[PDB]
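Student: First, the structure itself, so that you have it in front of you.
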Amino acid sequence: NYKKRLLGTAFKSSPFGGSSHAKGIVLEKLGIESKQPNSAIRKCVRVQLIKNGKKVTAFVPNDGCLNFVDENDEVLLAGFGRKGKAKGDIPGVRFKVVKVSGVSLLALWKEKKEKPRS
Amino acid sequence: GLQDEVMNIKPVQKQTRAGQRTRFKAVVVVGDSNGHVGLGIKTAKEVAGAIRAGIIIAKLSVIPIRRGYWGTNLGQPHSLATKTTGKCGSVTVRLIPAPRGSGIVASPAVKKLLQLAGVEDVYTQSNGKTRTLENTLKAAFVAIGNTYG
Amino acid sequence: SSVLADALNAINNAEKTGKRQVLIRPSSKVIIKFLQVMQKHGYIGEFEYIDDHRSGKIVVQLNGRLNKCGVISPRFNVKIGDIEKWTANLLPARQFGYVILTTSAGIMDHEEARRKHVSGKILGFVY
Amino acid sequence: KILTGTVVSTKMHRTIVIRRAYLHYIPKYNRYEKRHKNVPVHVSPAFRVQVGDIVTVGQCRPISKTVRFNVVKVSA
Amino acid sequence: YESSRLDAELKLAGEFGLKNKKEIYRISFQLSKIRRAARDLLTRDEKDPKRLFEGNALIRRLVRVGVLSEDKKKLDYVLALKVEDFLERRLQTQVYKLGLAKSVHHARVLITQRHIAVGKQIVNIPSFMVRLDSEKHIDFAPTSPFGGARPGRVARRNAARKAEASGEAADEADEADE
RNA sequence: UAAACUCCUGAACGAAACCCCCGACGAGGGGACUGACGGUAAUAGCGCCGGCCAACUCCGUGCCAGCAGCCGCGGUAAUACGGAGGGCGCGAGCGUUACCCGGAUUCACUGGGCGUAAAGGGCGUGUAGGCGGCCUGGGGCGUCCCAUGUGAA
RNA sequence: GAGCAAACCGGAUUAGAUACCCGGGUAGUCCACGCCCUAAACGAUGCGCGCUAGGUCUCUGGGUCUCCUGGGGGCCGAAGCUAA
């Protein structure tokens, strides 16, 4: 080109359609470990989104029981949070699964006393 | 009729043998609002001594910014006579006059000077290197000196 | 480079040293025209034609003050050879100091240009 | 409208190719850009205009495809 | 809006007559004095209150500010419209200013309820922009708070004759007028 | 009168259809009709309080469950997780997800740089191209001004 | 093709020694013709021009030659610049 073109800004979440939410199907209910010093088993899930048709990894909030996510449960991805990513904890997870909504297969953690239920 | 506003006071710490010891610096602007302004920076172990020291220093070294002043010939009511662009080092500052109600639209370094300057309404722009210290401030100061009218 | 830039630079450089006089530069019709405004605006004590080695030059009287940095603290070229800078009467620009423009009308200060209602390359700004 | 140009080519029948040159301010850049275009102009007598003439072309109804101009007259 | 108004007036700690009413901040330190805020605090806090006062949506509010911002002169008052520009110009506001209603909300309902007139034509649009030289009369069928209004003085920019229960927007009131 | 306390001015306009005259189809003046409901105190706030950034204590939890914009926080004293109390700011909406522009002068013109941080080409010769000393005269292409047309809604 | 010396062949040192030390030694190092085209190819600083205190040593030319003036190489330093 006349001048080299630099890479521009990229959107944080490509839920495609710039949509607020996208629904996908769980491929696998994996568990990833944190980075930096923190350690634990963060519960995550690969999801096949309809919109992008993209496959993504999403965080599953709440202590949950075991959690209510299985091999092929329908789920909604919020991108909850600005990015919806958990950078400090787990790289590669762009979105959060909304179970607060309790929409789809993701059930809400029951009887959660604390306010984060919201 | 010397208004006295204080730009700000900083703690300015220093380290010496096994020990930190701070002094205070106060920047004080003094002006008639009729065309005379002075800036003085004085330091002292205590904030008050510093401010008073600065005020006295500011009183010395006064400069005739051409804004409005006491009813006589008029400067520009809280605004500048004309647009000037000044480059100091990599820093370039641009000042453009504005009508009343515009406000002082500028980045902080430029703003802080223009306000004590007595300018109420201006449109500004910092371009090039924006080291506030390095030359944005110096650049602003030169820009002000340059103004005629 | 640019003759005009050279002149502004020479004065800028000389003032820093605080030279009373300065061969601002070899004389040119345009350069002298510029100096005349510099005089009227009060930036320089004045200038004079001088003969150096049978070549015409313009001595520029520097004019300084007691308080601090030179009377002409600023002086920066704007339009430059790589990119010319032309401005409409609309955006002459304003600052506390003046800008010297060159118009078909002649070289005028920003205020003067406004009066004439003319535009032109913006040679430089001083204040 | 009316344009002025030179007859670059006599070769065709009843037609002449006139090369009009134009300068103008470009709306975006405002740079003064110059470009020229060739227009086929209708020449009925086929003796009217010879190569080298400067002529004024005038907007006309379509005579032929890719021809919307008639030789108004000879400038020279 | 139509949410708990009272708490907002407190906490903004600025007098807000969401009703005509009292200033003290609701919680933790109603008593303690809080004073001049920083520019930053001022900017955000200013937004919510300037808006909250009018009880208007951000969408409407934004347009008004943008216009006042472009025009030269201090944005704040020009924006403010004591009668000056925009904000107090709204018909709903004027009725409040006129004393027809005790509060801005009440005025809003009056205007919506149709108990208001402008130029005799009845207008129930609170967003209605009142221009200078318009009369804001109280609907014939209605008539009430005018009493008690008798002693109260009115902005120089406006005026009202208690008898007709009419009033006029004389001119755009300056912030000083505010 | 603020409080304490007692009770609840009055939501539950909607109507313009089926204008004329003077005055600028405006303001104003004169010459359209029509409401059963018809008088009750009568839905709610949301975000945040580790630093940036205004707002801190107890309890629960124990690298878990979770938070997270960045730096980061949680492995038995956590102002960073959940609740509570308290606090700061200002919910007929509020918050999330997706996508576009912004911040990004990060495809730095405004407005950045290259001794050692990323960055001088191993050096020269020279093509295209970019740039060009002093004085006078012609032209008026750039440049500036005026008028006019266009710049729909 | 004298000397030197990757690889290689030996000696020693070492826990091991595919190394450093010692004895040998081929390519190569030299010449010609052609090719390769790299580098801490470094001032880690592209070229030209103008302007902005001086001091000191030095190479080369001119001068009225105990110093001035021109070109070049170093050191110290005004103003200024720089994150230092």
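Residue numbering restarts at 1 in every chain; chains get A, B, ... in the order shown in the structure tokens, and ligands count up from 1 in that same order.
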If you count only C-alpha atoms (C1' of nucleotides), which residues fall within 8 Å of residue 157 (chain E), apart from same-chain ones fewer than 6 positions away, as an mmCIF file with C-alpha atoms, in the first residue's frame?
Tutor:
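The result, written out as result_1.cif:
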data_model
loop_
_atom_site.group_PDB
_atom_site.id
_atom_site.type_symbol
_atom_site.label_atom_id
_atom_site.label_comp_id
_atom_site.auth_asym_id
_atom_site.auth_seq_id
_atom_site.Cartn_x
_atom_site.Cartn_y
_atom_site.Cartn_z
ATOM 1 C CA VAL E 83 -35.876 31.203 31.299
ATOM 2 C CA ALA E 169 -42.847 33.932 29.812
ATOM 3 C CA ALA E 170 -41.321 37.337 29.329
ATOM 4 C CA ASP E 171 -37.872 36.309 28.321
ATOM 5 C CA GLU E 172 -35.014 33.860 28.600
ATOM 6 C CA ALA E 173 -33.864 34.154 32.210
ATOM 7 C CA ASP E 177 -31.948 34.987 37.533
#
Student: Would you give me, as a ChimeraX atom specification, the residues of chain G that come within 12 Å of chain B, using only C-alpha atoms (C1' of nucleotides)?
Tutor: /G:80-83
Student: Any idea what's packed within 10 Å of region 1-8 of chain E, counting only C-alpha atoms (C1' of nucleotides), ignoring anything in its chain fewer than 2 positions away? Could you give it as an MDAnalysis selection string?
Tutor: (chainID E and resid 10:19 21:27 48:49 52:53 55:57 105) or (chainID F and resid 43:45 89:93)
Student: Which residues, written as a ChimeraX atom specification, have at least one atom at most 10 Å from region 131-144 of chain B, with only C-alpha atoms (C1' of nucleotides) counted and residues fewer than 4 positions away on the same chain left out?
Tutor: /B:65-66,80,83-95,107-114,117,126-127,148 /C:69-75,95-98,125-127
Student: Could you give me the residues within region 6-148 of chain B that DSSP places in strand (DSSP E or B), as a ChimeraX atom specification?
Tutor: /B:6-10,15-16,19-20,24-31,37-44,62-63,83-88,91-97,101,104-105,122-128
Student: Return the neighbours of chain F among the residues of chain D, cut-off 10 Å, counting only C-alpha atoms (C1' of nucleotides), as JSON, numbers by chain.
Tutor: {"D": [23, 24, 25, 31, 32, 33, 34]}
Student: Applying 9 Å and only C-alpha atoms (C1' of nucleotides), which residues near region 48-55 of chain G remain after dropping the ones on its own chain fewer than 3 positions away? List them as a count of residues only.
Tutor: 15
Student: For a test of reading the model, state the distance in Å between CA of residue 53 (chain D) and CA of residue 15 (chain D), rounded to one decimal.
Tutor: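 Computing it gives 13.6 Å between the two atoms.
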Student: What does the distance between CA of residue 118 (chain E) and CA of residue 136 (chain E) come to in Å, to one decimal place?
Tutor: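 Going from CA of residue 118 (chain E) over to CA of residue 136 (chain E) covers 4.7 Å.
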Student: What's the 10 Å shell around residue 26 (chain G), counting only C-alpha atoms (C1' of nucleotides), without same-chain residues fewer than 6 positions away, as a PyMOL selection string?
Tutor: chain G and resi 5-8
